[PDB]
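Summary of structural features
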Amino acid sequence: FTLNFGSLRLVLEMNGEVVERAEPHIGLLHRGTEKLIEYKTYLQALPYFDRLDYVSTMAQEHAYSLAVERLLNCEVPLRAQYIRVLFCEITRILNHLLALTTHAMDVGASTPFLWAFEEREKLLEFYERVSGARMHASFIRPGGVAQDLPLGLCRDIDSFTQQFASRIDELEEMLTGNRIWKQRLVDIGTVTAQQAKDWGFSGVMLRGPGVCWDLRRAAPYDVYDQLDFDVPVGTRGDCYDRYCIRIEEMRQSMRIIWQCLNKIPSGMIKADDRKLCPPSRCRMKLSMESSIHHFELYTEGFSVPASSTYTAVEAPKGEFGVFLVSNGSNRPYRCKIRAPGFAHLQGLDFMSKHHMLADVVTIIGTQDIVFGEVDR
Amino acid sequence: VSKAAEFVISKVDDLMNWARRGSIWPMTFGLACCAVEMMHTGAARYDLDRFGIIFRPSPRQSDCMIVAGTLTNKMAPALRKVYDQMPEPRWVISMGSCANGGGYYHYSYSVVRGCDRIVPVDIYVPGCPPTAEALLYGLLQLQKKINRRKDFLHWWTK
Amino acid sequence: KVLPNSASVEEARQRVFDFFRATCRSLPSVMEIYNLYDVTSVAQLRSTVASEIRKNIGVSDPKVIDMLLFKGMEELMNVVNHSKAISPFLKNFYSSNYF
Amino acid sequence: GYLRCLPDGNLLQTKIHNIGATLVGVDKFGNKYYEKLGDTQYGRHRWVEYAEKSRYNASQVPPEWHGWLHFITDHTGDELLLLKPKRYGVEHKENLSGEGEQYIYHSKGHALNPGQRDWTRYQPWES
Amino acid sequence: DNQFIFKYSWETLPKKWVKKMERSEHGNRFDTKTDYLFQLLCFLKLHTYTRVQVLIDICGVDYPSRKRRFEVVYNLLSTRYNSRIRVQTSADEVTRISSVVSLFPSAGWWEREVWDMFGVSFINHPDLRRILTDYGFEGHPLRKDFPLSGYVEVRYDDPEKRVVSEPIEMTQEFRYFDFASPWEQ
Amino acid sequence: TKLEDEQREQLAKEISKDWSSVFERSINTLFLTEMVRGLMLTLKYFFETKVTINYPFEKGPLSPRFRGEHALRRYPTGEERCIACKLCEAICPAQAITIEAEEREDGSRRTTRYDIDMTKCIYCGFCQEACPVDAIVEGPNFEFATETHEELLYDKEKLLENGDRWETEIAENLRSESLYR
Amino acid sequence: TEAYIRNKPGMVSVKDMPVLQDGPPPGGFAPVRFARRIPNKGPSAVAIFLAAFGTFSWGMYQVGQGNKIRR
Amino acid sequence: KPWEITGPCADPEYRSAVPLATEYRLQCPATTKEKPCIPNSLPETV
Amino acid sequence: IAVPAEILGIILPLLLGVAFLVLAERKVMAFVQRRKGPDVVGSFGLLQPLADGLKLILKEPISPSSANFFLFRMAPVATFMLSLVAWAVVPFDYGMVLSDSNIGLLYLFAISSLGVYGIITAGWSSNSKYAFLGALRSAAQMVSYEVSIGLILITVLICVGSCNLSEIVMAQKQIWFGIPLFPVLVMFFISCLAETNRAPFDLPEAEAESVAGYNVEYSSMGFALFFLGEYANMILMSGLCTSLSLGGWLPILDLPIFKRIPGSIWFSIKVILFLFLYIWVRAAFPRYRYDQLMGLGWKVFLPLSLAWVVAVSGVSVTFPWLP
Ligand code: SF4
Ligand code: SF4
Ligand code: SF4
């Protein structure tokens, strides 16, 4: 018999409480993001990437800026690269915390939710101090960043890193090793590496089986090749090993954050050329050419050479890719948005096969489907 | 119509408004990317349980619908169906810009230009996303709005 | 299941017949889906479907025929899933300038 | 205002928090701004008592004290009042937004506006 | 970088279907015919030294000027040899191209998305229903000729006690700003 | 499943090396040691201090570079700071700003109409950073929830009065951030 | 001009311009203990089992004495 | 206290979650004791 | 006469205690989760239950029209009756009983047995089949864990010759039975946790999860009555736990400073500790799947309860330790 659930719509074929098959209906959050991006300039299209995969905000900005710089060939300063890495790892910590605690609530554990939200509130305070708003902060731009770090941010992040090491130990002690948690997670929605490769899994969902492949090491798109962090893999891909991988990724994100704080350089925050990066307020108010370039960059945009490329980054969900096709104009001709939730939600069908309803919700929580990015 | 019956009616209305204000049971309609900020509002810092707000998953037991996120043409019938099941004393809080006037996807197919076209919304919470501070401000504004409901007086003077 | 493009007019005609059969068999379900029994006239609905097929005869490309049949089957699935004397010139003239 | 604590419970929390606090300032609307350092967590070392116990609102904080209360600035409201601009400016007004049609903001084309302006961008012949 | 298996493919792949190749730092590109795309992807997926066994995604691009307006692009990855490859073809509105669901099971939803957005139908898809847009959607939104705001909009009709769909009558029309500079070329 | 069975047998042999280990494992699984530890941590957090913000009287920390409510400023003399350069809606990604202008009586370039939709603004600060004269600024105010969409549809007079009301805090934030520019 | 914006009272060349940005203090912060430290200092399995068994035995003896008194 | 018997609380290197107001965020961002100076170009390209 | 007065004085304070119990659950869970519970409706949220009840009363009802109107309406009535009549026997001190039945234990067991009918009829009378399936699941879980609870009652009945709770406590005078039978007390606590669908084993309250529940269709007062019945059962089984394994109205060590306390205060304090344990376990642990909890009830607690029955009987029969 068919059982319907109604922004997650899902129809399940059941025989004896055992899930024979599950079919999701996803379009409930379709918003025409690609069409709007085609209709808008690159800078005006950056907030669309802010909105996509909203739990991990600045990862999408990083991917979009990397694609634009690849199509544009502009050098980003070392300080901008380091602060981008720092905030990408902060974003990874935020997304992992939210995913783990929403999964725990769906399982039934309610209390770690608010502790991890206290941590997330600290991180969103970091976002709000460095940029405009707590969420959807258009901070990462092509060629660099919007603004420099406010003073004291590094010290506050160091204090947060220490207290957050304590918090991760705390959460792991409560959740890991619990008999109920183990019975909920182990041997639930297992995926072989061949199955993951066939269904196009990425990130934790792909390293859970143990393919032993990470994007930050295969194609280092930042100072990542100078940060000597660790990449955990799962012995037998299932919910428990994916959860442990997420915990280890939080720890390694803290490690990378400390390294970036320690070896952050002193310099500029964006690309040197004013044809591609807007000049400062003082420069545009004092210099004739700077005023011209500010006016042109805020009415028109930088005209990227006509080319097509696919740039992918290791978003906390997985591999987030943007396929940009240009025509030499100030607006992107085509922008395809490959999110690491579209493939995982396909994987739901075979993952939650011969399982039960609680196993289905556990698998959904483990895959961490954010519907904005799957409905891009 | 008198001055003592009016005082008694005012006291009864004040008691009713106090009860309805202190026992708001909103239901999340958590699409897009105001729902994460809503969960932040429900977190430890800007806690909602203090004021009486507790999220009821069943629309039949909920008091006011808080629509947070983008309303899609594919989801608007579901929103209306869920709204129709709510009890007659009911309110709507439209959080963000998508649910107010379409927000950042106003000029887009399959996007409802604000939840006002589907359900009668009482209070809009501007922001994108509105700070959890601002959403709790909107909930307090809902309390203030339902703090001036003279239901007993209106029933008496009919 | 989707099939390759029809390579012959006879194959396109057979596919059109199969689609018309599917519509006719799925007609009584639409009865309970929509509940317009007062003025439905199931025979009239069949006549209207035949009239649509007959007004779509000017097409001669088998690819266009197959695409039209695919869209018609999609529309059938949607309907099953319940998703809804002063001459012509003077009336438009009195209505608005843009006509 | 202490009798409001029994049916408020939130003013009760504020009064409990004003045990060891120091009154750092007061505004012209009556709001009393308190600071409390020492063994206090970061998020709860500055606050306000609105001096309107019945219907205190979150929008009653003037812009002069808004930043200090929200931890934007270390400057108290007195310095910002000293730095308040001249030759223009309006007094702080709360977010009424429902206290009356004569109080709320109306567009120039809204029927509730005292003066409603037509919008056609052409002048008819007007015989 | 990592242009190893691309060159090895061009050395070993049959030359019948390689319509054109592009060696770029933005991504190595193969453009072929729609008849031989399935065979080409089967060769790449199964060969021991070009093991692109994971399909990153399938995209569509609209080119109204060309005779075959639609361009179907396949981004694939080889984790064993650590390199990305791109294989694309050209399809028009009516012609159906081969489906690669059998090779890569993940291709089903991306192919449904391509159908939804452009109208390029696939030959051997297990199902090809719309995935992203509203139920009963009439057009293909990602076509260039498709208007940005669409053709219809929804609202609540009180007499019908349901949400009805009506032709668009939106206020504050989209303002297209022509920023293009005549000296950009 | 034969491989699974033999793996299970091998693991059972591995973790049953001696009677001490098997007895310890059985006692741990029977007496709920992990549950007791979780209860102890829960009790510690019950007895620890809370982080609730006490909303109406205590408000969360912010930054001078906060994107709250759109507003329009003025020069110290009193004239409108906003020339009609129309860089607002040229960069506004959501197209929430509509502006019309004409020459004033004394020949100055001023806007005769300037409205912003707060239901369409995404609160991104593109206009406030594209302003050549620092005329439009996204003010620190964010508690401006309205009961009506028409109220949320702002115009030039409302933006100007917001700027006049919040001029001092906006000026302080603008100084602090013009340092960071 | 960059020199005009970042002018120094007594600088001669465009180099050595004043600069002050967010960064580490001299010393480069402190280690933050990325790893986890969970100490298991609870009672041993044999100890709690012996405690439970002795408690059960002595409690049954006390139950017998109380039943005798009540009888 | 019962929670120091075992678990993370028993660890001597355990850090409290709540940050003190006197040590977490000393200077508000809009009032910093030292004035910033952010470079915008290399000295060569001036 | 005086019997209706006593019955009213038992019933109304029980409802007040249930209201303040849900308030205390909110407060304790919030304090666990580093936040503060209801504090804005009255001082420390003491008026929050009153505001909630008044709102529920003032909410306009809706009629599902399920062709089973009588059975739909009377199921929460049935469970409320069952909870109250179960509370009609529990003692509070020496002589504070309405019905001093010599078979008090079996009376409570029977009342617990009757408790499944309200939920079963609520699930059946609802139009939706999801509610019916959830009601069946909850009924089966209560069945299994009530079998376990009955075995624990048999253990206690082996320990104490009589069958009435007052004489049970009078036997508890010596050692409280919790010192001899702490594992039995733990198993009884988990069994009563699963009996009332509270803490782990929380199927009906997992509404955000796919299992849904039997209260989805119910209107304001139906849901309120079901909630009141569940929480009254929670307090009832906390009282059962303290009367069975903590001595009820008995002080510690029988010191004369401890005897100044009336004893009803002692019973209330023990019930409060058990309710705090209820909220503690609910807040601190995740929840079990339906199959997992059913297998655990039928394979872990039933054999252990039978083994403990046998062990206690063997210990008591062998030695002269028999009443
Ligand atoms: S209003 Fe802004 S924050 Fe809210 S859902 Fe829309 S895009 Fe996201
Ligand atoms: S902040 Fe952004 S969305 Fe709002 S008016 Fe300015 S440019 Fe437009
Ligand atoms: S950018 Fe500044 S000066 Fe230009 S229109 Fe906007 S507010 Fe006015």
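Residues numbered from 1 in each chain as written, not as in the entry; some residues may be left out. Chains lettered and ligands numbered in written order. Part of a larger assembly, values for the part shown. Heavy atoms only, no water. Residues with missing side-chain atoms left out of burial classes, pairs and counts.

Structure determination for the deposited model, as stated in its record, used cryo-EM, and the stated resolution is 3.2 Å.

As recorded in the PDB entry, chain E goes by the name NDUS3, listed as coming from Vigna radiata.

Chain B is annotated in the PDB entry as NDUS7 of Vigna radiata. Annotation of chain B in UniProt includes, under Function (unreviewed entry), the sentence "Core subunit of the mitochondrial membrane respiratory chain NADH dehydrogenase (Complex I) that is believed to belong to the minimal assembly required for catalysis. Complex I functions in the transfer of electrons from NADH to the respiratory chain. The immediate electron acceptor for the enzyme is believed to be ubiquinone." (UniProt positions renumbered as here; feature names shortened; annotations may be inferred.)

1. Quick notes on the overall build of chain B
Within chain B, the secondary structure is distributed over 6 helices and 4 strands. Beginning at the N terminus, the succession of helices and strands in chain B can be written as α-β-α-β-α-β-α-β-α-α. For chain B, the C-alpha atoms occupy an extent of roughly 55 × 35 × 25 Å along the three principal directions. For chain B, with 158 residues in total, the buried portion stands at 72%. Relative to all contacts within chain B whose residues are 6 or more apart in sequence, the contacts with residues 24 or more apart total 79%. Accessible surface for chain B amounts to roughly 4600 Å². Of this, 58% is attributable to carbon and sulfur atoms. (Helix = DSSP H or I, 4+ residues; strand = E, 2+ residues; numbered from the N terminus. Buried < 20%, exposed > 50% of the residue type's maximum accessible area, 1.4 Å probe, protein only. Contact = heavy atoms within 4.5 Å. Areas by Shrake-Rupley, 256 points an atom, 1.4 Å probe, with all protein chains shown as cover.)

2. Observations concerning the overall build of chain E
Counting its secondary structure elements, chain E contains 3 helices and 7 strands. The C-alpha atoms of chain E give 20 Å as radius of gyration, which overshoots the globular expectation for 185 residues (16 Å, by more than 25%). For chain E, the spread of C-alpha atoms along the principal axes amounts to about 65 × 50 × 30 Å. (Rg over C-alpha atoms; globule rule 2.2 N^0.38 Å.)

3. Here's the deal with the site of ligand 1
Around ligand 1, the structure places A:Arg51, A:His136, B:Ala32, B:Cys33, B:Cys34, B:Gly69, B:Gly96, B:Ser97, B:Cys98, B:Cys128 and B:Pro129. Positioned at a junction of chains, ligand 1 has nearby residues supplied by chains A and B. (Near = heavy atom within 4 Å.)

4. Remarks on the site of ligand 2
For ligand 2, the full set of nearby residues is F:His70, F:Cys92, F:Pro93, F:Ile97, F:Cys121, F:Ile122, F:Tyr123, F:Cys124, F:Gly125, F:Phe126, F:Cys127 and F:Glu138. Of the residues that constitute the shell around ligand 2, the class distribution is 9 nonpolar, 2 polar and 1 charged. (Nonpolar A, V, L, I, M, F, W, Y, C, P; charged D, E, K, R; others polar.)

5. Details of the UniProt feature "binding site: [4Fe-4S] cluster" (unreviewed entry) in chain B
The feature "binding site: [4Fe-4S] cluster" (unreviewed entry), as given by UniProt, occupies B:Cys33, B:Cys34, B:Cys98 and B:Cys128 in the numbering adopted here. Maximum C-alpha separation among the annotated residues is 9.5 Å over a sequence range of 96 residues, consistent with a single clustered spot. Relative to the helices and strands, B:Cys33 is located in the loop between strand 1 (27–30) and helix 2 (35–41). A relative accessible area of 8% means that B:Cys33 is categorised as buried. Those residues in contact with B:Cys33 that sit more than four places away from it in its chain are A:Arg51, A:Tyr54, A:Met135, A:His136 and B:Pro129. Note that B:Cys98 resides in helix 4 (residues 98–101).

6. Concerning unusual backbone geometry
In this structure, the amide linkage connecting B:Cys128 to the following residue, B:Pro129, adopts the cis form with an omega of -10°. Along the chain, B:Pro129 falls in the loop between strand 4 (123–125) and helix 5 (132–145). One non-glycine residue, I:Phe201, lies in positive phi territory at about 65°. Mapped onto the secondary structure, I:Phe201 falls in the loop between helix 8 (182–195) and helix 9 (220–245). For I:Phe201, a relative accessible area of 3% translates into the label buried.

7. Some thoughts on the pattern of salt bridges
Using the criterion set out here, one finds 107 salt bridges over all chains in the structure. Put simply, A:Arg376 and E:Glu113 hold a salt bridge, and the shortest N to O gap is 3.6 Å. Highlighted residues: A:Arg376 in the segment after helix 16 (371–374) and E:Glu113 in helix 3 (residues 107–117), drawn from two different chains. For the pair shown, A:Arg376 and E:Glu113 are each scored as buried. The partner of E:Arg155 in a salt bridge is E:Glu166, and the shortest N-O contact between them spans 2.6 Å. With a gap of 11 residues between them, E:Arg155 in strand 6 (residues 152–157) and E:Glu166 in strand 7 (residues 162–167) connect regions that are remote in the sequence. (Salt bridge = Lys/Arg side-chain N within 4 Å of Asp/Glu carboxyl O.)

8. Examining helix 2 (residues 42–51) of chain A
The buried count for helix 2 of chain A comes to 10 of 10 residues, which makes it a mostly enclosed element. Downstream of helix 2 of chain A by a residue or two, A:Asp53 has a phi angle that is positive, lying close to 50°.

9. Re the environment of D:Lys84
Summarising the element assignment, D:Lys84 is placed in the segment after helix 4 (77–82). Other than its neighbours up to four places away in sequence, D:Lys84 contacts F:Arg165 and F:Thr168.

10. What about the interface of chain A and chain E?
Counting from both sides, the interface comprises 49 residues of chain A and, opposite them, 51 residues of chain E. Across the chain A/chain E interface, buried area totals approximately 4200 Å², and carbon plus sulfur atoms make up 55% of it. Broken down residue by residue, the surface that chain A buries against chain E is led by A:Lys35, A:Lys197 and A:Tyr333, which jointly contribute 15%. Put simply, chain A and chain E have 6 salt bridges between them. (Buried area = accessible area lost by both parts, 1.4 Å probe.)

11. Observations regarding the sheet that holds strand 3 (residues 91–95) of chain B
All names here are of chain B. Pairing within the open sheet is parallel, and its 4 strands lie in the order 1-2-3-4. Each end of this open sheet is capped by a strand with a single partner; those strands are strand 1 and strand 4. Strand after strand, the sheet turns through a mean of 20° between neighbouring axes, direction not considered. Pairing analysis gives 3 bridges linking strand 3 to strand 4, with the strands arranged parallel. By the bridge assignment for strand 4, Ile 93 is matched with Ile 123. Contacts from helix 3 (residues 76–84) reach strand 1, strand 2 (64–68) and strand 3 within the one sheet, and its direction differs from that of strand 2 by about 165°. Helix-sheet contacts for helix 5 involve strand 2, strand 3 and strand 4, and the interaxial angle to strand 4 is about 165°. (Pairing = 2+ DSSP bridges. Axes fitted to C-alpha atoms, helices over the stretch in contact; angles between N-to-C directions.)

12. Observations regarding the nonpolar core
A:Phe87 and E:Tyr74 are the most contacted members of the largest nonpolar core, which totals 253 residues. Top contributing element to this core by residue count: helix 4 (residues 78–107) of chain A, with 14 residues. Here A:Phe87 is in contact with A:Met58, A:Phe126, A:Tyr127, A:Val130, A:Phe139, A:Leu149 and A:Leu153, once residues within four sequence places are set aside. (Core = buried A, V, L, I, M, F, W, Y, C linked by side-chain atoms within 4.5 Å.)

13. Comments concerning the side chain of I:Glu195
Residue and element names in this part refer to chain I. Looking at the secondary structure, you find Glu 195 in helix 8. For the buried residue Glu 195, which engages in no salt bridge, the nearest side chain bearing the opposite charge is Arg 198, 14 Å off. Side-chain polar atoms of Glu 195 contact the backbone nitrogen of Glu 146, separated by 3.0 Å. When near neighbours in sequence (up to four residues on either side) are disregarded, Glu 195 contacts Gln 141, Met 142, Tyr 145, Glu 146, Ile 149 and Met 237. (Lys, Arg positive; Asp, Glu negative; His and termini not counted. Polar contact = N/O pair within 3.5 Å; in protein donor to acceptor, adjacent residues only side chain to side chain.)

14. Focus on the state of the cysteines
This model, assessed by the stated rule, comprises 0 disulfides over all chains. A disulfide-free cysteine, I:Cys163 has its sulfur positioned 13 Å from the sulfur of I:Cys159, the nearest such atom. (Disulfide = S-S within 2.5 Å.)

15. Re the arrangement of the chains
Summarising the chain contacts, 21 pairs of chains touch, and the pair with the most contacts is chains A and E. One finds no contact between chain A and chain D; the C-alpha atoms of the two approach each other to within 10 Å at their closest. Taking C-alpha atoms as the reference, chain E and chain G come no closer than 27 Å and do not contact one another.

16. Here's the deal with the sheet that holds strand 3 (residues 19–25) of chain A
Residue and element names in this part refer to chain A. Judged by pairing direction, the sheet is antiparallel, and its 3 strands sit side by side in the order 1-2-3 without closing on themselves. Bordering the open sheet on either side are strand 1 (2–5) and strand 3, each of which pairs with just one other strand. Shown here is a sheet whose adjacent strand axes are inclined to one another by a mean of 20°, direction ignored. Sheet topology places strand 1 next to strand 2 (residues 9–14); 4 bridges connect them, and they run antiparallel. Opposite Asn 4, over in strand 2, you have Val 11 as the bridge partner.

17. Some words on a nonpolar patch on the surface
Taken together, the side chains of F:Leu30, F:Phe31, G:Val46, G:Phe49, G:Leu50, G:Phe53, I:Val300 and I:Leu304 define a hydrophobic patch exposed on the protein surface, amounting to about 700 Å² of accessible area. Of all elements in the fold, only helix 2 (19–31) of chain F, helix 2 (45–70) of chain G together with helix 11 (290–318) of chain I reach the threshold of two or more residues within the nonpolar patch. Take the nonpolar patch: its biggest share by element is 4 residues, from helix 2 of chain G. On the accessibility criterion, I:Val300 (38% relative accessible area) is partly exposed. (Patch = residues over 30% accessible without salt bridge, like charges linked within 9 Å, V, L, I, M, F, W, Y side chains within 5 Å.)

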